[PDB]
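**Student:** What follows is a structure written as structure tokens; I'll ask about it next.
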Amino acid sequence: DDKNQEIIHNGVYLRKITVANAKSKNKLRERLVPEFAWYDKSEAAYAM
RNA sequence: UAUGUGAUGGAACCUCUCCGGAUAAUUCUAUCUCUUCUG
């Protein structure tokens, strides 16, 4: 995909979200965060 | 809009005095961006 005026997220996976602390253990963990299409349609690293 | 037997006003140089001057290498590396949902 490419950039659009609708700016609706179309993506999944990548990145490890940092938690705002946890009840048991506080450490980095990977989550399936939604993301927007890159703007490449050096235009090699972009997300939302 | 004068008044008459009498007008050198062509009868007078806006003249004189004062450095557009002083100071400045056309040079060059650390991020940028804020909301994530109990995890």
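Identifiers in the structure tokens: chain A, B, ... in order shown; residue index from 1 per chain; ligand index from 1 in order shown.
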Could the residues of chain A that have an atom at most 8 Å from chain B be listed as a tab-separated table, each with its closest atom pair and the distance in Å to one decimal, counting only C-alpha atoms (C1' of nucleotides) and ordered by chain and ascending residue number?

**Tutor:**
residue	atom	partner	partner_atom	distance
A:17	CA	B:36	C1'	7.3
A:18	CA	B:36	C1'	7.5
A:19	CA	B:36	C1'	6.9
A:20	CA	B:36	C1'	7.3
A:22	CA	B:39	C1'	6.9

**Student:** I need the residues in chain A that are strand (DSSP E) according to DSSP; give them as number ranges by chain.

**Tutor:** A: 16-17, 29-30

**Student:** Please, what distance in Å, to one decimal, runs between atom CA of residue A:42 and atom CA of residue A:16?

**Tutor:**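 Going from atom CA of residue A:42 over to atom CA of residue A:16 covers 23.5 Å.
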
**Student:** Would you pick out the contacts of residue A:41 at 10 Å or less, using only C-alpha atoms (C1' of nucleotides), so that residues sharing its chain but fewer than 4 positions from it are not included, and give the list as an NGL selection string?

**Tutor:** :A and (1-3 or 37)

**Student:** So that I can see what lies close to residue A:11, please list as a ChimeraX atom specification the residues with an atom at most 9 Å from it, counting only C-alpha atoms (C1' of nucleotides) and leaving out residues fewer than 3 positions away in the same chain.

**Tutor:** /A:33-37

**Student:** What separation in Å, quoted to one decimal, exists between atom CA of residue A:46 and atom CA of residue A:30?

**Tutor:**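 Going from atom CA of residue A:46 over to atom CA of residue A:30, I get 18.4 Å.
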
**Student:** Between atom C1' of residue B:35 and atom CA of residue A:10, what is the distance, to one decimal in Å?

**Tutor:** 19.3 Å
